[PDB]
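The chain that follows stands alone, in the form deposited in one PDB entry, written as structure tokens.
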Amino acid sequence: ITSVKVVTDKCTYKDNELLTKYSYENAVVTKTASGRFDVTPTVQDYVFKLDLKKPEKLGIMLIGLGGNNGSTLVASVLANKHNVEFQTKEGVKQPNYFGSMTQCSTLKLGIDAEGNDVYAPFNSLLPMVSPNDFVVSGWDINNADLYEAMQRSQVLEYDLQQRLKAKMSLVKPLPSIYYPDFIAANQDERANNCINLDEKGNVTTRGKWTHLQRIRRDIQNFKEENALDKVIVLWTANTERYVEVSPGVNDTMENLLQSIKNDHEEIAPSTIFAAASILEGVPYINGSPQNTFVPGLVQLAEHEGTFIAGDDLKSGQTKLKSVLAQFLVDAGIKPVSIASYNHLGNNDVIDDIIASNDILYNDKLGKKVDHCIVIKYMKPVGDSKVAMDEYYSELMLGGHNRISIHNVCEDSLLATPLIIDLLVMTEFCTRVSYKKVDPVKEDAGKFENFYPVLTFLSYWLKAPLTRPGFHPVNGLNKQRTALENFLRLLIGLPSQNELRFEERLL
């Protein structure tokens, strides 16, 4: 086992509790009616409290348990938990979690003897839950046990599915909530595992409060049956249609909970799964694009003080594009056109970047981008995901650049480890407590929990759901920095500056 012992007094231990002091330095900027920036620094001290005792088993309830991500996840955990080696064309492979930052990436702790960089495992600084400690279950509008889910999905090697057959067969998703009007038609017959059935087994959108109670009961039951204390709920099911945000309906907490009791039309399944989890007090992550997190719902999250994070899983084509686009502005290149294309076979941003650079995107030179996306359905590819993106930037003196990003991989294989990270991090956050510190008054204040809306998880979410007034930040590399810096911080380590003065300077 690997661990780090940071020798600092900025933090101490008191009963599986790590207490760290930290001086958060920022700066406020102003502008003069003549073009000037008046930067006034800011400082604010805190004391962070990390509950060192992590759960021995972490509950995981997936909405879409039978899909590609859902089945693959369980597959992975089981495989890894049991060291279920498997056969392939390349021979017997050992199971792993490649693609997981939390589980495979490293972080620089500082320099060694010879002034050279030293890295450690992302999870070797502070105690995080091992995905091998996940106790996974969930819901799905389809009853197929997880082995049939694997067969159907076609993501994992045939030999591996067979070695997992025995156990994966015993895992059957709980009946879920189905409201037909919220998803693409082709999911009709797929639904044969619904908790919402009228007096005669017929999907009925009426009685949504009865449904809200069920999911909640479901969570409570999943917990006691597994002797678990902690559980997180992650939505990874078909994308619902966007829901309209209208005053009187879901604008406030009261109006949302009401609409649920009135069986309102703007109340969706995820809204119910979301509302439940929160009232149940368990973190809820929205791995899909729809806007289940309406203002009224958010208020509930804040009131109950329960974690939430969401809006899509940022993977492959979407990451590799965030890095490519950023990089092109960090060099002062103006990417004009951007053709993006997709197409899979299974049952499945630049505006902020174009705003950070004003010498490229102003009024005289221009500030527009012809970005046209595309995800056609080429079923004849199973889970193989081909993704082409081409940027046609502008160079000095009339020249142009033309960069292409051709991508091809088993999508749900990248998605699973990403889902794993979201859970490992959100569970870790459920143990971080912080207290603001008055410089002129000792131990003033009571420890608090992260503001409900956990934005630290954005590195994995495509549309970071931020709190009101705050504009989202999609810079992928930046997103990771906040993560490591935050962990660095928690053990008494400074934020990376990359200055290297024990080399730049005599």
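Superpose the two forms; the largest set of C-alphas matching within 1.5 Å is the rigid core. Numbering starts at 1 and runs along the sequence shown.
Residue 472: gap in at least one third of other compared structures: Residue status for residue 472: no gap in any other entry.
Is residue 190 unresolved, in the sense of carrying no coordinates, in at least a third of the other compared entries? It is not, since residue 190 is included in all of the other entries that model both flanking stretches.
Size class of the missing deposited segment between residue 348 and residue 349: Unresolved stretch here: 10 or more residues.
Take the C-alpha B-factors listed in the entry for 481 to 489 and for 16 to 24, compute each mean, and give the stretch with the larger one. Taking the mean B-factor of the alpha carbons in each, 16 to 24 is higher.
If you average the CA temperature factors as listed in the entry, which stretch comes out higher, 164 to 172 or 357 to 365? According to the PDB entry, the answer is 357 to 365.
Looking at 288, 250, 103, 412, which has the highest Cα B-factor in the entry? That would be 250.
Looking at 216, 303, 385, 81, which one carries the largest C-alpha B-factor according to the PDB entry? Of the options given, 385 has the highest CA B-factor in the PDB entry.
For the chain shown, is the CA B-factor of residue 444 in the lowest, middle or highest third of its modelled residues? Tercile = highest for this residue's CA B-factor.
Where does residue 46 sit by CA temperature factor within its chain: lowest, middle or highest third? Residue 46: CA B-factor falls in the lowest third of its chain.
Chain third (lowest, middle, highest) by recorded CA B-factor, residue given as residue 473: Answer is highest: the recorded C-alpha B-factor places it there.
Looking at the C-alpha B-factor of residue 29, is it in the lowest, middle or highest third of its chain? As the PDB entry reports it, the C-alpha B-factor of residue 29 lands in the middle third of its chain.
Third assignment of residue 63 from its chain's C-alpha B-factors: For residue 63, whose C-alpha B-factor we compare with every modelled residue in the chain, the answer is the lowest third.
If you look for the form deposited in another entry, you will not find it shown, but the lines that follow are about it.
Superposing on the core, which single option in 144, 228, 249, 126 has a CA shift of 2 Å or more between the shown form and the other one? Per the superposition, the moving residue is 249.
Take the rigid core as the frame of reference and indicate whether the C-alpha of residue 36 shifts by 2 Å or more between the shown form and the other one. Shift at residue 36: 2 Å or more after core fit.
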